[PDB]
Amino acid sequence: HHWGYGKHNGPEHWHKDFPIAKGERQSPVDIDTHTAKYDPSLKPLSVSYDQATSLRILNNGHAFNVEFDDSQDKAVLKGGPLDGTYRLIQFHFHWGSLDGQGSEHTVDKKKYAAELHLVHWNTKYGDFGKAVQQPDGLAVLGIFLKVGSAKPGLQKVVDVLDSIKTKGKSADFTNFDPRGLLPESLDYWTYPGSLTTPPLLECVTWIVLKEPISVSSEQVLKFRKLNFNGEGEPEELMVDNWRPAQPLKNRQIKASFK
Ligand SMILES: [Zn+2]
């Protein structure tokens, strides 16, 4: 009876194994666009993905992770609200059963069809496992997905999902360029928060881009054919793997743009 997204093991149950679920800096949150203050001191974000080395894609029973070689400063995030250099380790998505839900962060209570998280760790802590124990350990770049025109840079991900249908399956996923998943603008909101899955650690600087990317209905429908279960187990479609908005408490959301 491990955590998941169902009626019996979903977000409202997580607190019983992970009491930090009811903590002071939990994610995601609703972004109230009228309350978020423009902070002219915020720098443009620097996304340096030219040398990114993707290695593998994994169905981990909750989502799929595209994994990167983070043994050197190749793909890094810096600038924005960040001090120092943060290395890309993996990306994944959260998505719904229907286009009207799926995102974790919301914008004035609007839910997007899905949300991409590019997860990076602060090199001053030397490895990911150490970084998640620190308040400034991770920087997660959040990008909304809406359903419309296809995102060509996503299709290589969509087309491999067939080979990692079930929990514990993996596939070789080299030479994927995550710049193909970015929107045009790097305007963002930022706030201090947490991992949105257990262990729900309060170690993330969230950077949520204002501009969504568009993907096609066929693309997101392929996400929805994945499975939470393992091979030859009762099929449970991998949908609605998102945590709802959590209380903002004593936090300010800052906008990079006016
Ligand atoms: Zn995530």
# chains A, B, ... in the order shown; residues from 1 in each chain; ligands from 1
$ closest_atom_pairs --of "chain A" --to "ligand 1" --cutoff "12 Å" --atoms "only C-alpha atoms and all ligand atoms" --output "Markdown table"
| residue | atom | partner | partner_atom_place_in_ligand_line | distance |
| --- | --- | --- | --- | --- |
| A:27 | CA | ligand 1 | 1 (Zn) | 9.8 |
| A:28 | CA | ligand 1 | 1 (Zn) | 9.3 |
| A:62 | CA | ligand 1 | 1 (Zn) | 9.8 |
| A:63 | CA | ligand 1 | 1 (Zn) | 8.5 |
| A:64 | CA | ligand 1 | 1 (Zn) | 10.0 |
| A:65 | CA | ligand 1 | 1 (Zn) | 9.5 |
| A:66 | CA | ligand 1 | 1 (Zn) | 11.9 |
| A:90 | CA | ligand 1 | 1 (Zn) | 10.0 |
| A:91 | CA | ligand 1 | 1 (Zn) | 7.8 |
| A:92 | CA | ligand 1 | 1 (Zn) | 6.1 |
| A:93 | CA | ligand 1 | 1 (Zn) | 6.0 |
| A:94 | CA | ligand 1 | 1 (Zn) | 6.3 |
| A:95 | CA | ligand 1 | 1 (Zn) | 10.0 |
| A:102 | CA | ligand 1 | 1 (Zn) | 11.2 |
| A:103 | CA | ligand 1 | 1 (Zn) | 9.5 |
| A:104 | CA | ligand 1 | 1 (Zn) | 8.0 |
| A:105 | CA | ligand 1 | 1 (Zn) | 10.1 |
| A:114 | CA | ligand 1 | 1 (Zn) | 10.4 |
| A:115 | CA | ligand 1 | 1 (Zn) | 7.7 |
| A:116 | CA | ligand 1 | 1 (Zn) | 7.0 |
| A:117 | CA | ligand 1 | 1 (Zn) | 5.1 |
| A:118 | CA | ligand 1 | 1 (Zn) | 8.0 |
| A:119 | CA | ligand 1 | 1 (Zn) | 8.0 |
| A:120 | CA | ligand 1 | 1 (Zn) | 11.6 |
| A:139 | CA | ligand 1 | 1 (Zn) | 11.5 |
| A:140 | CA | ligand 1 | 1 (Zn) | 8.2 |
| A:141 | CA | ligand 1 | 1 (Zn) | 9.5 |
| A:142 | CA | ligand 1 | 1 (Zn) | 8.2 |
| A:143 | CA | ligand 1 | 1 (Zn) | 10.4 |
| A:144 | CA | ligand 1 | 1 (Zn) | 11.6 |
| A:194 | CA | ligand 1 | 1 (Zn) | 10.1 |
| A:195 | CA | ligand 1 | 1 (Zn) | 7.2 |
| A:196 | CA | ligand 1 | 1 (Zn) | 6.0 |
| A:197 | CA | ligand 1 | 1 (Zn) | 7.1 |
| A:198 | CA | ligand 1 | 1 (Zn) | 10.6 |
| A:200 | CA | ligand 1 | 1 (Zn) | 10.8 |
| A:204 | CA | ligand 1 | 1 (Zn) | 11.2 |
| A:206 | CA | ligand 1 | 1 (Zn) | 10.8 |
| A:208 | CA | ligand 1 | 1 (Zn) | 11.8 |
| A:241 | CA | ligand 1 | 1 (Zn) | 9.2 |
| A:242 | CA | ligand 1 | 1 (Zn) | 8.0 |
| A:243 | CA | ligand 1 | 1 (Zn) | 9.1 |
| A:244 | CA | ligand 1 | 1 (Zn) | 11.9 |
$ residues_around --residues "residue 129 in chain A" --least-positions-apart "6" --cutoff "12 Å" --atoms "only C-alpha atoms" --output "list in words"
residues 89, 120, 121, 122, 123, 137, 138, 199, 201 and 203 of chain A
$ closest_residue --among "A:146, A:11, A:32, A:59" --to "residue 101 in chain A" --atoms "only C-alpha atoms"
A:146
$ closest_residue --among "A:111, A:8, A:82, A:52" --to "residue 69 in chain A" --atoms "only C-alpha atoms"
A:52
$ select_by_dssp --residues "range 72-194 of chain A" --states "alpha helix (DSSP H)" --output "VMD selection string"
chain A and resid 128 to 131 155 to 160
$ closest_residue --among "A:132, A:171, A:154, A:245" --to "residue 223 in chain A" --atoms "only C-alpha atoms"
A:154
